[PDB]
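Student: Reading the sequence shown from the start, the letters are residues 6 to 269 in my numbering. Even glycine gets a Cβ: it sits at the ideal position worked out from N, Cα and C.
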Amino acid sequence: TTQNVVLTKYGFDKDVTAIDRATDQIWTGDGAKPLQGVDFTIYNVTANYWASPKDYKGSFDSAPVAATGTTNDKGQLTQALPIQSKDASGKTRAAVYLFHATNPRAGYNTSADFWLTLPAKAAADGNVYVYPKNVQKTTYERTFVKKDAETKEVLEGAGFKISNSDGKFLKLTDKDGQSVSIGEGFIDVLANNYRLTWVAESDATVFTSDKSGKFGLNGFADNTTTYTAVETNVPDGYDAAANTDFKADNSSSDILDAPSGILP
Ligand code: NA
Ligand code: NA
Ligand code: NA
Ligand code: NA
Ligand code: NA
Ligand code: NA
């Protein structure tokens, strides 16, 4: 015999704190953003808890995995869980489950671990509703406009790589670390739930100026680190721009490409 636990992850403004809600309350978020693609492990902590209930403080040491999952487009993750389970001595008990975020949405801190006993108070539909809490982090972005140095008009199709002070280069991956194909323009890492990794130059992501000359991305961790934009694919008939040092300071600035001279 099991109960359906429905986990819903909402994203909140940095300075707004959610009130606790009972497990029999169906809460729309009012209308905070549902967070898709968030990974949770549910641990069966029945044995850890019943070792000494008054001392339990959220340990999942040696606890088996009851289930894993990922939030969907509604920020939701559903899982049927046995209401009873065994303690360390093989005695049957009311089951205790601990919910552990293993991969938070880009731009968010990991949720706090929480746990509960089953059977729990359920909503009118028979489901048990939980709502993990976390804090949105402040991330930063940078935009560049590629231009013709002579005409001052924007330049489409110029390719760039980005390096850090270690000489490693930026590669965008999906939430699971896999490669992704990146096109032209400003890349919305936050909306796409991408990750910034630092790799060898040959494996780096190439960013390309779009029809308005624009390229760049959001999702930088800080605004103090210096990075370097290096032009790797120069439009035909131009000379490469000098390397451009920058901070992810939410600004936009121009990068100039000089037309190649032709002599008689
Ligand atoms: Na997981
Ligand atoms: Na355990
Ligand atoms: Na018992
Ligand atoms: Na994620
Ligand atoms: Na957690
Ligand atoms: Na791009």
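#1: With a threshold of 7 angstroms, establish whether the CB of residue 98 neighbours any heavy atom of ligand 3.
#2: Look at residue 44 and residue 75 and say whether their C-beta atoms are less than 8 angstroms apart.
#3: Note down, in chain order, each residue of its chain lying with its Cβ closer than 6 angstroms to the Cβ of residue 137, except the 5 sequence neighbours on either side.
#4: Residue range of the beta strand (DSSP E) that residue 202 falls in?
#5: Answer with buried or exposed for residue 216, where buried requires no fewer than 16 other C-beta atoms within 10 angstroms of its C-beta.
#6: Below 7 angstroms, is the gap between the Cβ of residue 286 and the nearest heavy atom of ligand 4?
#7: Check whether the Cβ of residue 116 lies closer than 7 angstroms to any heavy atom of ligand 5, and answer yes or no.
#8: Under 8 angstroms by Cβ, that's how I've got residue 142 and residue 188 pegged, so tell me the actual separation to the nearest angstrom.
#9: Quick one: is residue 126 buried, meaning 16 or more other Cβ sit within 10 Å of its Cβ, or exposed?
#10: Looking at residue 261 and residue 224, is the spacing between their C-beta atoms short of 8 angstroms?
#11: Rounded to whole angstroms, what's the CA-CA distance from residue 30 to residue 12? Just pull it up for me.
#12: What's the gap between the Cα of residue 27 and the Cα of residue 72?
#13: With hydrogens ignored, establish whether the beta-carbon of residue 76 is closer than 7 angstroms to any heavy atom of ligand 1.
#14: Going by DSSP in three states, residue 61 sits in which element: helix, strand or coil?
#15: How do the segment 55-66 and the segment 14-23 stand: do at least 3 beta-carbon pairs fall below 8 angstroms, yes or no?
#16: Give every residue of the same chain whose Cβ lies closer than 7 angstroms to the Cβ of residue 176, excluding the five residues on either side of it in the sequence, and list them in chain order.
#17: Between which two residues does the beta strand (DSSP E) harbouring residue 101 extend?
#18: Using the C-alpha atoms, what's the distance from residue 82 back to residue 152?
#19: Would DSSP call residue 123 helix, strand or coil?
#20: Kindly examine ligand 1 and report whether one of its heavy atoms sits closer than 7 angstroms to the Cβ of residue 83.
#21: Just confirm the distance between the C-beta atoms of residue 263 and residue 163, as a whole number of angstroms; I'd bet it's less than 8 angstroms.
#22: What is the DSSP secondary structure of residue 143, counted as helix, strand or coil?
#23: Per DSSP, residue 225 is paired with what?
#24: What I want to know is whether the C-beta of residue 109 ends up closer than 7 angstroms to one or more non-hydrogen atoms of ligand 4.
Tutor: By the coordinates alone:
#1: yes
#2: It is a contact, given that the beta carbons lie within the stated cut-off.
#3: 14 and 116
#4: 200-204
#5: exposed
#6: Past the boundaries of the shown model lies residue 286; the chain is included only from 6 to 269, so the question cannot be answered.
#7: Yes, the Cβ of residue 116 comes within 7 angstroms of a heavy atom of ligand 5.
#8: That belief does not hold up - the Cβ atoms of residue 142 and residue 188 are roughly 26 angstroms apart, past 8 angstroms.
#9: exposed
#10: no
#11: 12 angstroms
#12: Each residue's alpha carbon lies about 22 angstroms from the other.
#13: no
#14: In this structure, residue 61 counts as coil in the three-state DSSP scheme.
#15: Contact between the segment 55-66 and the segment 14-23 is absent, with fewer than three C-beta pairs closer than 8 angstroms.
#16: 202, 204, 208, 209 and 210
#17: 101-108
#18: Answer to the nearest angstrom: the Cα atoms are 47 angstroms apart.
#19: coil
#20: no
#21: 12 angstroms between Cβ atoms; not a contact.
#22: coil
#23: 145
#24: The closest heavy atom of ligand 4 lies less than 7 angstroms from the beta carbon of residue 109.
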